[PDB]
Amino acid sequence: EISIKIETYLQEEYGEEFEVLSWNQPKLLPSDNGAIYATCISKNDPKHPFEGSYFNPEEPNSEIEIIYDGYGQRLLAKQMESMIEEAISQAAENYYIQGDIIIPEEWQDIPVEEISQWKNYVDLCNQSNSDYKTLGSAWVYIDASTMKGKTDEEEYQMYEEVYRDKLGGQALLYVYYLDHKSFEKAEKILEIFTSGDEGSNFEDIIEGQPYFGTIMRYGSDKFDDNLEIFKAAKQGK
């Protein structure tokens, strides 16, 4: 089975045990043996899945080939999530922070021990004022019923600090203020699918809910959208 091959590889490669929640192999005919896209979790971080790209050869008992396992990428997402959580955990009780960091083909060969250190990743991304890479995006989903009463100014200031002082490059922030029941349904989907691959029913749950979307550009200490835009977005108008 393809799942067991992927699980066995990840465990042998990284020491921990993993689970392939699901996998996908787009192809028009069953005869095509295109790339296999697997949604995986480590048992130690079971609520935050990551995608890996594999090829499974034709003949029997074939050892699975790795296009890109996605684990170095996941470790970078885990850190992005952690740094945002330092602010989000003071703003609300229930939430889901989804890191969306994509390592390009050029860097996939870099050893995981090297690339997974945030400092090295930022160095790789920040080449010049003309040659830079967006570090990533954070998709934060908050249960609006469980806010901790920090003022809008205090909340915004904390995010500004994470993006300016902690992340260290060009990055985007999305904060959805979902109603309780919406959040709880959302969370169940986010636990088993990666960023962007949540599905149409997820899009239906979050549609119309108030959210704030912005970017802190390369060489900028502030977000493109000021406090006033944040307050308006948080109400929804």
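From 1 onward, residues are counted along the sequence shown.
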| property | result |
| --- | --- |
| Selected stretch [higher average CA B-factor]: 29-37 or 48-56 | 29-37 |
| Mean temperature factor over C-alpha atoms, higher-scoring stretch between 202-210 and 57-65 | 57-65 |
| Third of chain Cα B-factors occupied by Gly99 | middle |
| Cα B factor band for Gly72 (lowest, middle or highest third within the chain) | middle |
| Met147 by Cα B-factor - lowest, middle or highest third of the modelled chain | highest |
| For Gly196, the third of its chain into which the C-alpha B factor falls | lowest |
| B-factor third for the C-alpha atom of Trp107 within its chain | middle |
